[PDB]
file model-v9.tsv (TSV, C-alpha atoms)
chain	number	residue	atom	x	y	z
A	1	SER	CA	-46.57	5.94	-6.45
A	2	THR	CA	-43.03	5.83	-7.82
A	3	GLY	CA	-39.48	6.39	-6.66
A	4	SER	CA	-36.24	7.28	-8.42
A	5	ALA	CA	-32.77	7.32	-6.86
A	6	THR	CA	-29.28	7.74	-8.25
A	7	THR	CA	-26.81	4.92	-7.61
A	8	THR	CA	-23.09	5.72	-7.55
A	9	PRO	CA	-20.01	3.49	-7.88
A	10	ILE	CA	-18.08	3.20	-4.63
A	11	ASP	CA	-14.68	3.34	-6.35
A	12	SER	CA	-12.95	3.69	-9.70
A	13	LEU	CA	-13.52	0.02	-10.57
A	14	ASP	CA	-17.30	-0.09	-10.04
A	15	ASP	CA	-16.76	-2.69	-7.32
A	16	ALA	CA	-20.26	-1.90	-6.01
A	17	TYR	CA	-22.87	0.84	-6.15
A	18	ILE	CA	-24.42	2.82	-3.30
A	19	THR	CA	-27.85	4.44	-3.23
A	20	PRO	CA	-29.01	6.89	-0.54
A	21	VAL	CA	-31.89	5.63	1.61
A	22	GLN	CA	-33.82	7.61	4.22
A	23	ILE	CA	-34.58	5.67	7.40
A	24	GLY	CA	-36.59	6.89	10.37
A	25	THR	CA	-38.04	10.16	11.61
A	26	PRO	CA	-36.31	12.57	11.30
A	27	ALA	CA	-34.66	10.93	8.31
A	28	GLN	CA	-31.29	9.28	8.75
A	29	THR	CA	-29.70	8.90	5.31
A	30	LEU	CA	-27.54	5.81	4.79
A	31	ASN	CA	-25.84	4.72	1.57
A	32	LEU	CA	-26.95	1.15	0.89
A	33	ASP	CA	-25.87	-1.49	-1.60
A	34	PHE	CA	-29.03	-2.49	-3.50
A	35	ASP	CA	-28.70	-6.25	-3.94
A	36	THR	CA	-31.05	-8.19	-6.21
A	37	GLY	CA	-29.31	-11.36	-4.98
A	38	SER	CA	-30.46	-11.15	-1.34
A	39	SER	CA	-33.54	-10.18	0.61
A	40	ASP	CA	-32.47	-8.45	3.85
A	41	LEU	CA	-32.35	-4.70	4.43
A	42	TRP	CA	-29.62	-4.41	7.06
A	43	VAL	CA	-27.62	-1.44	8.31
A	44	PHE	CA	-24.65	-0.46	10.38
A	45	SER	CA	-26.16	0.89	13.57
A	46	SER	CA	-25.64	2.23	17.08
A	47	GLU	CA	-25.77	-1.46	18.07
A	48	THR	CA	-22.86	-2.55	15.86
A	49	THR	CA	-19.80	-3.68	17.82
A	50	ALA	CA	-17.71	-0.52	17.94
A	51	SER	CA	-14.46	-2.12	16.74
A	52	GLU	CA	-16.33	-3.31	13.63
A	53	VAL	CA	-17.36	0.21	12.55
A	54	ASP	CA	-14.74	2.15	10.57
A	55	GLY	CA	-16.20	5.21	8.85
A	56	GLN	CA	-19.71	3.98	7.98
A	57	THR	CA	-22.78	6.05	8.73
A	58	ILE	CA	-24.91	4.36	11.37
A	59	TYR	CA	-28.64	4.11	11.96
A	60	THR	CA	-29.58	5.01	15.53
A	61	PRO	CA	-33.11	3.70	16.20
A	62	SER	CA	-33.39	5.49	19.54
A	63	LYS	CA	-33.28	8.79	17.61
A	64	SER	CA	-36.17	7.80	15.31
A	65	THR	CA	-39.66	8.52	16.62
A	66	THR	CA	-41.10	5.92	14.23
A	67	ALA	CA	-38.70	3.08	15.09
A	68	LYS	CA	-40.13	0.10	16.96
A	69	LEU	CA	-38.23	-2.96	18.13
A	70	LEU	CA	-39.58	-6.08	16.40
A	71	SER	CA	-39.64	-8.09	19.60
A	72	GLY	CA	-37.75	-11.37	19.54
A	73	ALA	CA	-36.64	-11.04	15.93
A	74	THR	CA	-33.05	-11.77	14.92
A	75	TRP	CA	-31.26	-12.12	11.61
A	76	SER	CA	-28.04	-13.64	10.35
A	77	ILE	CA	-26.80	-13.77	6.78
A	78	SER	CA	-23.82	-15.15	4.89
A	79	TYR	CA	-23.05	-14.04	1.36
A	80	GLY	CA	-21.42	-15.85	-1.53
A	81	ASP	CA	-18.16	-13.95	-1.00
A	82	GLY	CA	-17.83	-15.33	2.54
A	83	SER	CA	-18.90	-12.12	4.28
A	84	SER	CA	-21.59	-12.11	6.94
A	85	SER	CA	-23.58	-9.99	9.38
A	86	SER	CA	-26.22	-10.46	12.07
A	87	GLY	CA	-28.30	-8.62	14.64
A	88	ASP	CA	-31.81	-7.66	15.73
A	89	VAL	CA	-34.69	-5.93	13.96
A	90	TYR	CA	-36.68	-2.71	14.08
A	91	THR	CA	-39.56	-1.57	11.96
A	92	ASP	CA	-39.33	1.99	10.69
A	93	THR	CA	-40.20	4.26	7.79
A	94	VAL	CA	-37.89	3.81	4.80
A	95	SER	CA	-37.87	6.01	1.70
A	96	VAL	CA	-35.97	5.52	-1.56
A	97	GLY	CA	-35.99	8.30	-4.10
A	98	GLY	CA	-39.31	9.68	-2.87
A	99	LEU	CA	-41.07	6.31	-2.43
A	100	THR	CA	-41.99	5.65	1.21
A	101	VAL	CA	-42.73	2.36	2.99
A	102	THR	CA	-43.95	2.44	6.56
A	103	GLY	CA	-43.28	-0.53	8.82
A	104	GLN	CA	-40.29	-1.78	6.85
A	105	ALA	CA	-38.08	-4.28	8.67
A	106	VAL	CA	-34.72	-2.58	9.22
A	107	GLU	CA	-32.22	-5.18	10.36
A	108	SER	CA	-29.74	-3.60	12.75
A	109	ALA	CA	-26.29	-5.17	12.73
A	110	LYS	CA	-24.75	-6.17	16.01
A	111	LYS	CA	-21.87	-7.92	14.19
A	112	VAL	CA	-20.40	-7.58	10.70
A	113	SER	CA	-17.51	-9.45	9.12
A	114	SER	CA	-14.20	-7.84	8.27
A	115	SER	CA	-14.97	-7.05	4.63
A	116	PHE	CA	-17.92	-4.90	5.69
A	117	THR	CA	-15.89	-3.07	8.32
A	118	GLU	CA	-13.11	-2.47	5.80
A	119	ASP	CA	-15.46	-0.84	3.27
A	120	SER	CA	-16.30	2.56	4.72
A	121	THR	CA	-18.50	3.48	1.75
A	122	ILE	CA	-21.26	0.88	2.28
A	123	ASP	CA	-23.58	1.50	5.23
A	124	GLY	CA	-25.62	-1.67	4.67
A	125	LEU	CA	-27.56	-3.63	2.09
A	126	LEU	CA	-31.07	-3.31	0.66
A	127	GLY	CA	-32.15	-6.71	-0.64
A	128	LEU	CA	-34.31	-6.93	-3.75
A	129	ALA	CA	-34.51	-10.69	-4.33
A	130	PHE	CA	-37.64	-12.58	-3.31
A	131	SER	CA	-38.78	-12.33	0.30
A	132	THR	CA	-38.56	-16.13	0.70
A	133	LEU	CA	-34.79	-15.59	1.19
A	134	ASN	CA	-35.19	-13.09	4.05
A	135	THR	CA	-33.31	-14.35	7.11
A	136	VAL	CA	-35.37	-12.79	9.93
A	137	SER	CA	-36.41	-15.35	12.53
A	138	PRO	CA	-38.90	-16.42	13.80
A	139	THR	CA	-41.09	-14.28	11.51
A	140	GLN	CA	-39.69	-13.78	8.03
A	141	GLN	CA	-39.89	-10.20	6.77
A	142	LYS	CA	-40.68	-8.66	3.38
A	143	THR	CA	-38.29	-6.70	1.18
A	144	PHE	CA	-38.72	-3.00	0.51
A	145	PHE	CA	-40.00	-3.81	-2.98
A	146	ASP	CA	-42.48	-6.40	-1.70
A	147	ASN	CA	-43.85	-3.88	0.82
A	148	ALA	CA	-44.06	-1.10	-1.78
A	149	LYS	CA	-45.41	-3.20	-4.65
A	150	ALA	CA	-49.14	-2.71	-4.11
A	151	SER	CA	-48.73	1.08	-3.98
A	152	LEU	CA	-46.58	1.35	-7.09
A	153	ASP	CA	-48.02	2.51	-10.38
A	154	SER	CA	-46.65	-0.72	-11.89
A	155	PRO	CA	-45.16	-3.62	-9.88
A	156	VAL	CA	-41.62	-3.22	-11.20
A	157	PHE	CA	-38.24	-1.77	-10.43
A	158	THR	CA	-35.42	-1.07	-12.86
A	159	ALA	CA	-31.64	-1.11	-12.58
A	160	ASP	CA	-29.63	1.20	-14.85
A	161	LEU	CA	-26.07	0.89	-13.57
A	162	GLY	CA	-23.36	3.10	-15.01
A	163	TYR	CA	-19.89	2.20	-16.23
A	164	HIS	CA	-17.52	4.37	-14.20
A	165	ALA	CA	-20.48	6.72	-13.73
A	166	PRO	CA	-23.69	7.09	-11.70
A	167	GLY	CA	-26.90	5.36	-12.73
A	168	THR	CA	-30.46	4.96	-11.51
A	169	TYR	CA	-32.82	2.67	-9.62
A	170	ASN	CA	-36.47	3.38	-10.44
A	171	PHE	CA	-39.48	1.92	-8.65
A	172	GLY	CA	-42.96	1.68	-10.14
A	173	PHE	CA	-42.31	2.86	-13.70
A	174	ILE	CA	-40.20	2.19	-16.78
A	175	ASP	CA	-38.32	5.27	-18.04
A	176	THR	CA	-38.69	4.86	-21.80
A	177	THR	CA	-35.96	7.49	-22.36
A	178	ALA	CA	-33.34	5.41	-20.53
A	179	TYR	CA	-32.77	2.69	-23.14
A	180	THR	CA	-32.53	2.18	-26.89
A	181	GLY	CA	-34.61	-0.19	-29.00
A	182	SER	CA	-37.06	-2.44	-27.20
A	183	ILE	CA	-37.02	-4.35	-23.92
A	184	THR	CA	-36.86	-8.13	-24.33
A	185	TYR	CA	-38.58	-9.99	-21.51
A	186	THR	CA	-37.59	-13.47	-20.41
A	187	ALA	CA	-38.98	-15.98	-17.94
A	188	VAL	CA	-37.92	-16.11	-14.29
A	189	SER	CA	-37.82	-19.00	-11.85
A	190	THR	CA	-38.33	-17.97	-8.23
A	191	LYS	CA	-37.67	-21.51	-6.93
A	192	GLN	CA	-34.32	-20.52	-5.37
A	193	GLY	CA	-35.52	-17.06	-4.32
A	194	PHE	CA	-33.48	-15.29	-7.02
A	195	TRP	CA	-34.21	-13.43	-10.24
A	196	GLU	CA	-33.16	-16.59	-12.05
A	197	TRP	CA	-33.39	-16.74	-15.84
A	198	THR	CA	-31.86	-18.53	-18.84
A	199	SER	CA	-29.62	-16.73	-21.30
A	200	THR	CA	-29.77	-18.05	-24.85
A	201	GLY	CA	-26.01	-17.99	-25.49
A	202	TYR	CA	-22.95	-15.86	-25.98
A	203	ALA	CA	-20.33	-14.48	-28.34
A	204	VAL	CA	-16.74	-13.37	-27.76
A	205	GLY	CA	-15.70	-10.20	-29.54
A	206	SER	CA	-16.72	-10.29	-33.20
A	207	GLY	CA	-17.07	-14.07	-33.08
A	208	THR	CA	-20.12	-16.07	-34.00
A	209	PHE	CA	-22.90	-16.44	-31.48
A	210	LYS	CA	-23.04	-19.79	-29.69
A	211	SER	CA	-26.62	-20.80	-28.95
A	212	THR	CA	-26.63	-22.52	-25.56
A	213	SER	CA	-28.81	-22.24	-22.46
A	214	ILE	CA	-27.11	-20.57	-19.48
A	215	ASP	CA	-29.19	-20.50	-16.30
A	216	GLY	CA	-28.14	-17.77	-13.89
A	217	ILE	CA	-29.24	-14.95	-11.63
A	218	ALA	CA	-29.46	-11.19	-12.19
A	219	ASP	CA	-27.50	-9.99	-9.16
A	220	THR	CA	-26.73	-6.30	-8.68
A	221	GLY	CA	-24.86	-7.16	-5.48
A	222	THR	CA	-22.16	-9.19	-7.26
A	223	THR	CA	-19.42	-7.23	-9.02
A	224	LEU	CA	-18.40	-9.66	-11.76
A	225	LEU	CA	-19.88	-11.99	-14.37
A	226	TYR	CA	-19.58	-15.66	-13.33
A	227	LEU	CA	-20.23	-18.19	-16.10
A	228	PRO	CA	-19.46	-21.84	-16.87
A	229	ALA	CA	-15.79	-22.72	-17.21
A	230	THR	CA	-16.22	-23.57	-20.91
A	231	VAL	CA	-17.58	-20.09	-21.70
A	232	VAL	CA	-14.97	-18.31	-19.58
A	233	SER	CA	-12.12	-20.27	-21.18
A	234	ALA	CA	-13.41	-19.37	-24.64
A	235	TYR	CA	-13.41	-15.68	-23.67
A	236	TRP	CA	-9.92	-15.52	-22.14
A	237	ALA	CA	-8.41	-17.60	-24.96
A	238	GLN	CA	-8.89	-14.47	-27.09
A	239	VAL	CA	-6.61	-12.38	-24.82
A	240	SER	CA	-2.88	-12.92	-25.33
A	241	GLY	CA	-1.21	-13.89	-22.07
A	242	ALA	CA	-4.41	-14.37	-20.08
A	243	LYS	CA	-4.40	-17.29	-17.67
A	244	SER	CA	-6.24	-18.66	-14.69
A	245	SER	CA	-4.18	-18.10	-11.55
A	246	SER	CA	-4.96	-20.25	-8.52
A	247	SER	CA	-2.87	-17.96	-6.31
A	248	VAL	CA	-4.77	-14.83	-7.38
A	249	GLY	CA	-8.15	-16.59	-7.48
A	250	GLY	CA	-9.21	-16.33	-11.10
A	251	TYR	CA	-8.33	-15.24	-14.59
A	252	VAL	CA	-5.73	-12.50	-14.91
A	253	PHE	CA	-4.46	-10.82	-18.04
A	254	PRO	CA	-1.70	-8.40	-19.04
A	255	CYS	CA	-2.72	-4.86	-18.17
A	256	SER	CA	-1.39	-3.84	-21.61
A	257	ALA	CA	-4.14	-5.86	-23.33
A	258	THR	CA	-7.17	-4.52	-25.15
A	259	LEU	CA	-10.06	-6.78	-24.13
A	260	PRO	CA	-12.70	-8.10	-26.53
A	261	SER	CA	-16.36	-7.52	-25.88
A	262	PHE	CA	-18.66	-10.25	-24.58
A	263	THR	CA	-22.22	-10.68	-25.82
A	264	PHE	CA	-24.98	-12.54	-23.99
A	265	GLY	CA	-28.37	-13.56	-25.36
A	266	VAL	CA	-31.76	-12.59	-23.96
A	267	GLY	CA	-34.22	-14.51	-26.08
A	268	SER	CA	-33.47	-13.46	-29.65
A	269	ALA	CA	-31.91	-10.19	-28.41
A	270	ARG	CA	-28.26	-9.53	-27.62
A	271	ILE	CA	-26.57	-7.44	-24.92
A	272	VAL	CA	-22.97	-6.41	-25.66
A	273	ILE	CA	-20.56	-5.89	-22.76
A	274	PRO	CA	-17.68	-3.69	-24.04
A	275	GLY	CA	-14.20	-5.03	-23.40
A	276	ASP	CA	-13.35	-2.14	-21.08
A	277	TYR	CA	-16.11	-3.23	-18.69
A	278	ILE	CA	-14.18	-6.49	-18.16
A	279	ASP	CA	-11.00	-4.79	-16.84
A	280	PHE	CA	-10.77	-4.78	-13.03
A	281	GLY	CA	-7.29	-3.34	-12.91
A	282	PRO	CA	-4.03	-4.43	-11.31
A	283	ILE	CA	-4.23	-7.39	-8.96
A	284	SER	CA	-2.15	-5.37	-6.46
A	285	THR	CA	-1.03	-1.78	-6.62
A	286	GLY	CA	1.53	-1.26	-9.36
A	287	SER	CA	1.23	-4.75	-10.84
A	288	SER	CA	1.07	-5.24	-14.60
A	289	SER	CA	-1.22	-8.25	-14.09
A	290	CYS	CA	-4.87	-7.20	-14.24
A	291	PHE	CA	-7.92	-9.00	-12.85
A	292	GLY	CA	-10.61	-10.16	-15.25
A	293	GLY	CA	-14.28	-9.25	-14.97
A	294	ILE	CA	-15.51	-12.58	-16.37
A	295	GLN	CA	-14.74	-15.51	-14.06
A	296	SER	CA	-15.72	-19.14	-13.73
A	297	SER	CA	-18.79	-20.07	-11.70
A	298	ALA	CA	-17.54	-23.65	-11.33
A	299	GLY	CA	-16.91	-23.23	-7.60
A	300	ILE	CA	-20.17	-21.36	-6.90
A	301	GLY	CA	-22.98	-23.68	-7.94
A	302	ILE	CA	-24.81	-20.99	-9.91
A	303	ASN	CA	-24.04	-18.62	-12.76
A	304	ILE	CA	-24.19	-14.95	-11.77
A	305	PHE	CA	-25.00	-12.04	-14.10
A	306	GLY	CA	-23.43	-9.46	-11.82
A	307	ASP	CA	-22.70	-5.79	-12.37
A	308	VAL	CA	-20.29	-6.38	-15.30
A	309	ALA	CA	-23.23	-7.77	-17.28
A	310	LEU	CA	-26.08	-5.72	-15.84
A	311	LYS	CA	-24.36	-2.35	-16.34
A	312	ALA	CA	-24.38	-2.99	-20.11
A	313	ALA	CA	-28.19	-3.03	-20.05
A	314	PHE	CA	-31.34	-1.37	-18.80
A	315	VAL	CA	-32.83	-4.14	-16.65
A	316	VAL	CA	-36.48	-4.49	-15.64
A	317	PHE	CA	-37.29	-6.55	-12.56
A	318	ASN	CA	-40.98	-7.25	-13.17
A	319	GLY	CA	-42.70	-8.30	-9.95
A	320	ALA	CA	-46.08	-9.06	-11.48
A	321	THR	CA	-47.90	-12.17	-10.28
A	322	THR	CA	-45.66	-14.15	-12.63
A	323	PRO	CA	-42.31	-12.34	-12.39
A	324	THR	CA	-40.17	-11.77	-15.47
A	325	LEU	CA	-36.93	-9.96	-16.33
A	326	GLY	CA	-36.49	-7.46	-19.14
A	327	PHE	CA	-33.25	-6.36	-20.82
A	328	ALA	CA	-32.67	-3.48	-23.22
A	329	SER	CA	-29.54	-2.00	-24.69
A	330	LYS	CA	-28.79	1.60	-23.73

call {"tool": "encode", "arguments": {"input": "model-v9.tsv", "output": "structure tokens"}}
result
Amino acid sequence: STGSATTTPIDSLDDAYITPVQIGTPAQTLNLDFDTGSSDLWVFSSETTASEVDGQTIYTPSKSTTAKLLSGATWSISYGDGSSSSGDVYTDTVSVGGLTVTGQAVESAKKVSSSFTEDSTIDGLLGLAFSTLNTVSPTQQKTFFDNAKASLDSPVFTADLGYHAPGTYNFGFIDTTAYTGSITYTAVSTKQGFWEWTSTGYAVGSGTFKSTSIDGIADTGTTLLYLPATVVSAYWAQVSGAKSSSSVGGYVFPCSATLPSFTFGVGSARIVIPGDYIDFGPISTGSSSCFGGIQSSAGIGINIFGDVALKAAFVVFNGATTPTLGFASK
């Protein structure tokens, strides 16, 4: 089997991407944030504290003839941005782009933190990291991809995120029309539960490539590109007036600037992020200070190849017995 679904930016900055997902019988369609950096499929629901719902579409398990309470199971998750959610668990039928999994754990939120409530466009998350990170207790649950894998024509999914435009998540096949050149595959460590890999270096603008190993994670659920402070300083030094602002929380730059590109290495291959992809707009409405799309990971503990990086590539998440990642230009 295969599946193919369009993913759409939630706003004009590409802060996140939403993909329609059918849950239950009859189908209830929710727009979920596909997140290769976590492993829980959770949704706003009829169980979510009412004051914490503000415009999201909810899953109502009592209206699904295939929903079953997973007795005794609870979940609770905290994300790197400080947001969180928790609740109980149902199993139900879940379909993405024509690919159907029966018995998928659908984690129903009883509580969500303020950032989730405040974002009316995201009805929940669909985790695509390794199932070892799934938070369901006392019986850990499998991701949608893990449950689908055996049925897929090939045990892969691909992320093709757009810049200020829709893109595609495919399951079970590699669309050879969706990228240019060849796909370069690189090794993955699953030891932390992430799609963790090692970039071979970087360049800023038309500058020379610096060969250096950068371990990080391919994370569709993180907006920006978080890299070591040395790399980030070298990038922003090429932008007149750019500075790191403790009060804003990262590098800012004059909105009048034209940003240089940023290149990252995948083996001997190179992925070029155009400068425009690194502009996240005014820090507050009407400001002439703009927020940068490349930020230091120094306070995180891990480097994160988020959407800024991934949207410059066609990315293969290869879930073969030994997982690997593939990157192609597009």

call {"tool": "closest_residue", "arguments": {"input": "model-v9.tsv", "among": "A:252, A:165, A:214, A:125", "to": "residue 265 of chain A", "atoms": "all atoms listed in the file"}}
result
A:214

call {"tool": "closest_atom_pairs", "arguments": {"input": "model-v9.tsv", "of": "segment 30-85 of chain A", "to": "segment 8-16 of chain A", "cutoff": "10 Å", "atoms": "only C-alpha atoms", "output": "tab-separated table"}}
result
residue	atom	partner	partner_atom	distance
A:31	CA	A:8	CA	9.6
A:33	CA	A:16	CA	7.1
A:34	CA	A:16	CA	9.1
A:35	CA	A:16	CA	9.7

call {"tool": "atom_distance", "arguments": {"input": "model-v9.tsv", "atom1": "atom CA of residue 194 of chain A", "atom2": "atom CA of residue 220 of chain A"}}
result
11.4 Å

call {"tool": "atom_distance", "arguments": {"input": "model-v9.tsv", "atom1": "atom CA of residue 57 of chain A", "atom2": "atom CA of residue 116 of chain A"}}
result
12.4 Å

call {"tool": "closest_residue", "arguments": {"input": "model-v9.tsv", "among": "A:109, A:73, A:21, A:327", "to": "residue 43 of chain A", "atoms": "all atoms listed in the file"}}
result
A:109

call {"tool": "atom_distance", "arguments": {"input": "model-v9.tsv", "atom1": "atom CA of residue 266 of chain A", "atom2": "atom CA of residue 133 of chain A"}}
result
25.5 Å

call {"tool": "residues_around", "arguments": {"input": "model-v9.tsv", "residues": "residue 184 of chain A", "least_positions_apart": "6", "cutoff": "12 Å", "atoms": "only C-alpha atoms", "output": "list in words"}}
result
residues 199, 265, 266, 267, 268, 269, 270, 271, 313, 314, 315, 316, 317, 318, 324, 325, 326, 327, 328 and 329 of chain A

call {"tool": "residues_around", "arguments": {"input": "model-v9.tsv", "residues": "residue 163 of chain A", "least_positions_apart": "4", "cutoff": "8 Å", "atoms": "all atoms listed in the file", "output": "list in words"}}
result
residues 14, 277, 311 and 312 of chain A

call {"tool": "residues_around", "arguments": {"input": "model-v9.tsv", "residues": "residue 248 of chain A", "least_positions_apart": "2", "cutoff": "10 Å", "atoms": "only C-alpha atoms", "output": "PyMOL selection string"}}
result
chain A and resi 244-246+250-252+283-284+291

call {"tool": "residues_around", "arguments": {"input": "model-v9.tsv", "residues": "residue 140 of chain A", "least_positions_apart": "3", "cutoff": "12 Å", "atoms": "all atoms listed in the file", "output": "PyMOL selection string"}}
result
chain A and resi 39-40+70+72-76+89+105+107+130-137+143

call {"tool": "closest_atom_pairs", "arguments": {"input": "model-v9.tsv", "of": "segment 253-318 of chain A", "to": "segment 78-88 of chain A", "cutoff": "12 Å", "atoms": "all atoms listed in the file", "output": "Markdown table"}}
result
| residue | atom | partner | partner_atom | distance |
| --- | --- | --- | --- | --- |
| A:297 | CA | A:80 | CA | 11.3 |
| A:299 | CA | A:80 | CA | 10.6 |
| A:300 | CA | A:80 | CA | 7.8 |
| A:301 | CA | A:80 | CA | 10.2 |
| A:302 | CA | A:80 | CA | 10.4 |
| A:303 | CA | A:80 | CA | 11.9 |
| A:304 | CA | A:80 | CA | 10.6 |

call {"tool": "residues_around", "arguments": {"input": "model-v9.tsv", "residues": "residue 49 of chain A", "least_positions_apart": "3", "cutoff": "9 Å", "atoms": "all atoms listed in the file", "output": "JSON, numbers by chain"}}
result
{"A": [45, 46, 52, 53, 109, 110, 111, 112]}

call {"tool": "residues_near_point", "arguments": {"input": "model-v9.tsv", "point": "(-20.2, -10.2, -19.2)", "cutoff": "12 Å", "atoms": "all atoms listed in the file", "output": "number ranges by chain"}}
result
A: 199, 201-205, 218, 223-228, 231-232, 235-236, 259-265, 270-279, 292-296, 303-313

call {"tool": "closest_residue", "arguments": {"input": "model-v9.tsv", "among": "A:230, A:289, A:176, A:147", "to": "residue 257 of chain A", "atoms": "all atoms listed in the file"}}
result
A:289

call {"tool": "closest_residue", "arguments": {"input": "model-v9.tsv", "among": "A:285, A:211, A:65, A:206", "to": "residue 93 of chain A", "atoms": "all atoms listed in the file"}}
result
A:65

call {"tool": "residues_near_point", "arguments": {"input": "model-v9.tsv", "point": "(-38.3, -16.7, -12.6)", "cutoff": "10 Å", "atoms": "all atoms listed in the file", "output": "list in words"}}
result
residues 186, 187, 188, 189, 190, 191, 192, 193, 194, 195, 196, 197, 198, 217, 318, 319, 322, 323, 324 and 325 of chain A

call {"tool": "closest_residue", "arguments": {"input": "model-v9.tsv", "among": "A:30, A:321, A:159, A:219", "to": "residue 178 of chain A", "atoms": "all atoms listed in the file"}}
result
A:159

call {"tool": "closest_residue", "arguments": {"input": "model-v9.tsv", "among": "A:1, A:7, A:100, A:95", "to": "residue 155 of chain A", "atoms": "only C-alpha atoms"}}
result
A:1

call {"tool": "decode", "arguments": {"input": "model-v9.tsv", "residues": "segment 199-219 of chain A", "atoms": "N, CA and C atoms", "output": "JSON list (two decimals), in the first residue's frame"}}
result
[["chain", "number", "residue", "atom", "x", "y", "z"],
["A", 199, "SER", "N", 25.55, 15.86, 9.70],
["A", 199, "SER", "CA", 25.89, 16.67, 8.55],
["A", 199, "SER", "C", 27.41, 16.80, 8.44],
["A", 200, "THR", "N", 27.89, 16.92, 7.21],
["A", 200, "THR", "CA", 29.32, 16.99, 6.95],
["A", 200, "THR", "C", 29.87, 18.41, 6.90],
["A", 201, "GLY", "N", 29.04, 19.43, 7.06],
["A", 201, "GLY", "CA", 29.56, 20.78, 7.20],
["A", 201, "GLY", "C", 28.60, 21.81, 6.65],
["A", 202, "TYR", "N", 29.12, 23.01, 6.41],
["A", 202, "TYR", "CA", 28.25, 24.10, 6.00],
["A", 202, "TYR", "C", 29.02, 25.15, 5.22],
["A", 203, "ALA", "N", 28.26, 25.99, 4.51],
["A", 203, "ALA", "CA", 28.79, 27.21, 3.92],
["A", 203, "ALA", "C", 27.77, 28.33, 4.14],
["A", 204, "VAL", "N", 28.27, 29.56, 4.17],
["A", 204, "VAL", "CA", 27.43, 30.75, 4.28],
["A", 204, "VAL", "C", 27.51, 31.50, 2.95],
["A", 205, "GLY", "N", 26.37, 31.71, 2.32],
["A", 205, "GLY", "CA", 26.35, 32.42, 1.05],
["A", 205, "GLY", "C", 27.26, 31.74, 0.05],
["A", 206, "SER", "N", 28.06, 32.54, -0.65],
["A", 206, "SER", "CA", 29.00, 32.04, -1.64],
["A", 206, "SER", "C", 30.34, 31.66, -1.02],
["A", 207, "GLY", "N", 30.41, 31.57, 0.30],
["A", 207, "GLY", "CA", 31.65, 31.26, 0.97],
["A", 207, "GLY", "C", 32.08, 29.82, 0.79],
["A", 208, "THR", "N", 33.31, 29.56, 1.22],
["A", 208, "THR", "CA", 33.85, 28.22, 1.10],
["A", 208, "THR", "C", 33.19, 27.29, 2.11],
["A", 209, "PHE", "N", 33.08, 26.03, 1.72],
["A", 209, "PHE", "CA", 32.48, 25.02, 2.57],
["A", 209, "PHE", "C", 33.43, 24.64, 3.69],
["A", 210, "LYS", "N", 32.91, 24.63, 4.91],
["A", 210, "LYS", "CA", 33.64, 24.21, 6.09],
["A", 210, "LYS", "C", 33.26, 22.77, 6.39],
["A", 211, "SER", "N", 34.23, 21.87, 6.28],
["A", 211, "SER", "CA", 34.01, 20.47, 6.60],
["A", 211, "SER", "C", 34.07, 20.29, 8.11],
["A", 212, "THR", "N", 32.96, 19.88, 8.70],
["A", 212, "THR", "CA", 32.89, 19.70, 10.14],
["A", 212, "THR", "C", 31.64, 18.88, 10.43],
["A", 213, "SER", "N", 31.74, 17.94, 11.37],
["A", 213, "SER", "CA", 30.62, 17.06, 11.68],
["A", 213, "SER", "C", 29.62, 17.76, 12.59],
["A", 214, "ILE", "N", 28.35, 17.79, 12.18],
["A", 214, "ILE", "CA", 27.28, 18.41, 12.96],
["A", 214, "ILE", "C", 26.20, 17.36, 13.17],
["A", 215, "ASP", "N", 26.14, 16.80, 14.37],
["A", 215, "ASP", "CA", 25.11, 15.83, 14.72],
["A", 215, "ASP", "C", 23.81, 16.56, 15.02],
["A", 216, "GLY", "N", 22.71, 16.12, 14.42],
["A", 216, "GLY", "CA", 21.44, 16.75, 14.74],
["A", 216, "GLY", "C", 20.30, 15.87, 14.28],
["A", 217, "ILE", "N", 19.08, 16.37, 14.44],
["A", 217, "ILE", "CA", 17.88, 15.59, 14.16],
["A", 217, "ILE", "C", 17.09, 16.24, 13.03],
["A", 218, "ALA", "N", 16.49, 15.41, 12.18],
["A", 218, "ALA", "CA", 15.59, 15.88, 11.14],
["A", 218, "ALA", "C", 14.21, 15.96, 11.77],
["A", 219, "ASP", "N", 13.71, 17.18, 11.98],
["A", 219, "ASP", "CA", 12.53, 17.41, 12.83],
["A", 219, "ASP", "C", 11.53, 18.32, 12.11]]
